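Quick note on the numbering used here: the sequence shown kicks off at 1 and runs consecutively.
As C-alpha cells, the structure follows; a few thoughts come after it.
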Amino acid sequence: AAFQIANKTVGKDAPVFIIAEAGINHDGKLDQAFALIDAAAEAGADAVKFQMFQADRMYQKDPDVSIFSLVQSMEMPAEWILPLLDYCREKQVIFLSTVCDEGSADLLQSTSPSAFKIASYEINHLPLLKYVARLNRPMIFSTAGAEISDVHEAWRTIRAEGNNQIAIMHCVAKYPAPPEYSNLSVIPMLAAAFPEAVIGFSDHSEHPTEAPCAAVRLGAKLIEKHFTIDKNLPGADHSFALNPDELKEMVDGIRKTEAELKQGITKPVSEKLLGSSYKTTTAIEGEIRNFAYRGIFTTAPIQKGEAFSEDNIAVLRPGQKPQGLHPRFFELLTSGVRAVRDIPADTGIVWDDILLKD
Ligand SMILES: [Zn+2]
Numbered sequence: 001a002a003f004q005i006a007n008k009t010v011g012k013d014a015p016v017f018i019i020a021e022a023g024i025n026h027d028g029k030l031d032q033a034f035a036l037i038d039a040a041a042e043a044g045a046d047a048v049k050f051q052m053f054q055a056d057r058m059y060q061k062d063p064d065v066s067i068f069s070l071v072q073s074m075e076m077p078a079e080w081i082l083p084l085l086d087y088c089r090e091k092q093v094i095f096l097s098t099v100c101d102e103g104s105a106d107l108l109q110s111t112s113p114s115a116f117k118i119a120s121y122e123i124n125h126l127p128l129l130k131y132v133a134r135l136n137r138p139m140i141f142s143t144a145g146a147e148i149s150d151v152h153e154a155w156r157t158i159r160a161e162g163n164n165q166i167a168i169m170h171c172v173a174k175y176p177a178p179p180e181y182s183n184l185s186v187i188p189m190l191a192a193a194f195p196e197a198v199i200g201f202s203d204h205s206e207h208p209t210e211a212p213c214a215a216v217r218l219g220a221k222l223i224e225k226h227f228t229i230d231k232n233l234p235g236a237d238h239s240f241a242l243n244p245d246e247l248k249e250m251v252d253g254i255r256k257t258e259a260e261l262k263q264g265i266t267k268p269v270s271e272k273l274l275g276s277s278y279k280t281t282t283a284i285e286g287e288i289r290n291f292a293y294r295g296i297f298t299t300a301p302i303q304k305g306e307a308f309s310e311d312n313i314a315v316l317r318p319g320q321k322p323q324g325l326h327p328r329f330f331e332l333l334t335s336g337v338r339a340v341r342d343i344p345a346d347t348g349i350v351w352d353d354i355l356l357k358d
C-alpha cells in the first residue's frame with residue numbers, strides 16, 4: 001500500500017506525510033495566509049491545508065449559475081487562490097483542501113489538486129465519493145465517529161470506480177481531544193483490516209508530540225495537526241492549535257521517531273493512548289453517525305406521485321433535523337422512483353415516503 005501525492009510517496013517505506021492544517025487561521029488577511037504557509041514550510045511539513053468552502057452549503061442546498069454568487073459560498077476570496085498556490089509551490093509545500101459536494105469538487109479540480117480530502121461527516125456521501133474517485137487523484141478520508149462498516153463502504157465505493165490511491169485517517173471529532181480519547185489501537189486494526197489502504201491520524205489533542213509520535217510508532221503514515229501563527233489570537237481555531245515552534249517540534253518528534261524505528265528502537269505506547277481497538281464513536285462525540293453524517297433531504301415540497309430527482313432531494317447534513325435515508329439510496333430514488341405521500345421541504349426522507357401501505 002503506497003501512492004504519490006504530487007512528487008512524494010505516501011505509505012510502505014515512505015516517510016510519514018505531514019499535513020499542517022491552517023483552517024481559517026489567516027483571519028481573512030492574505031499576508032497572514034502567506035505567514036501560515038511560511039510556518040508550515042519552516043517546520044518541515046509536507047502539506048499545508050486551507051478551508052476553501054463555507055459550512056452553510058453542507059446543511060441547506062443554495063440556489064445557469066453566476067460566478068458572483070459562487071464566490072459568496074467560499075471561505076477565502078477567489079483572488080487569493082492562484083497566489084496561495086504559487087506561494088506553496090515556491091516554498092515547496094503541497095497545498096491541500098477539503099471538498100463536500102460535486103460543486104466544491106469541481107472548483108478544487110480546476111486548480112489541479114494533489115489529493116482530495118473528505119471530512120468525517122461526508123464518510124457516507126457515497127455519490128460524492130464516487131464522483132471524486134473518478135477524477136483519479138489520491139483520496140484522504142477521515143473517520144470520526146465511524147464504525148468499521150462505514151469505513152468499509154466508503155472504501156469499496158472509491159475502489160469500485162477504479163481508484164486505488166486511498167488513505168484513511170483515524171480521528172476524534174472533539175476539539176481539543178483529551179489524550180484518553182485518542183484510541184490509537186485503532187490505527188493497527190484499520191491497517192490489518194484494509195491492507196491496501198494507507199492509514200493516518202488527524203490529531204485534535206493539544207500536546208505537540210505525545211499523540212503524533214505514539215501514532216507514528218503504531219504505524220500511521222500521515223499525521224494532520226492544526227497550527228496557527230499565534231495561539232492568543234481571538235480564537236478562530238487559534239487557542240488549541242500549535243504555534244510555529246510547536247509545529248517544528250512535532251515534525252522533529254515524528255522524524256526522530258521514524259529514524260529510531262529504522263534502528264530497531266521499540267518504545268511502547270501507554271494504556272491511556274491505546275484505548276480500545278473497537279472502531280466506534282467516543283463518549284465525547286456520542287453517535288454522530290446517526291445525527292451528524294449525511295442523509296437524503298427534500299430541497300422543496302414533494303407531492304404524492306412526484307418523481308424524485310436532483311431537483312427536489314439532496315445529500316445533506318441534518319443539522320438539528322431528524323436524519324434522512326442513507327445516501328446509498330440516492331441513485332435508486334433519482335432513477336424514476338416516486339413519492340407515495342406529500343413530503344414537506346427540508347425534511348429527511350423516510351421509508352414511509354416511498355413504500356406503499358394502502
Ligand atoms: Zn480538524
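Note that CB positions come from ideal geometry on N, CA and C, so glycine has one too.
Taking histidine 238 as the centre and dropping the five residues before and after it, the same chain places the C-beta of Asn25, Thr228, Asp230, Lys231, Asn232 closer than 8 Å to its C-beta, in chain order. With a contact defined as Cβ atoms closer than 8 Å, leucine 96 and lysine 49 qualify at about 4 Å. In this structure, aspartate 352 lies away from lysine 321, with their beta-carbon atoms at least 8 Å apart. Using a C-beta cut-off of 8 Å, the segment 241 to 260 makes no contact with the segment 71 to 79, since fewer than three inter-stretch Cβ pairs fall below that distance. Judged by DSSP in its simplified three-state form, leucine 222 adopts strand. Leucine 356 and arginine 294 have their C-alpha atoms roughly 25 Å apart.
Rounded to whole angstroms, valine 350 and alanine 339 show a C-alpha spacing of 11 Å. Assignment of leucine 242 by DSSP, reduced to helix, strand and coil, places it in the strand class. Between the segment 83 to 91 and the segment 55 to 67, the count of Cβ pairs shorter than 8 Å is below three; the stretches do not touch. Contact holds between the segment 180 to 195 and the segment 269 to 285, because three or more Cβ pairs, one in each stretch, are under 8 Å apart. In the three-state reduction of the DSSP assignment, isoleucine 199 falls in the strand class, which pools E and B. In the DSSP annotation of this structure, the continuous segment of the beta strand (DSSP E) that includes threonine 9 starts and ends at 8 to 11.
DSSP, read as helix, strand or coil, puts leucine 129 in helix. Boundaries of the alpha helix (DSSP H) around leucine 273: 271 to 274. Counting only unbroken stretches of 4 or more residues, the alpha helix (DSSP H) elements lying wholly within the segment 272 to 343 are 288 to 291, 330 to 333, in sequence order.
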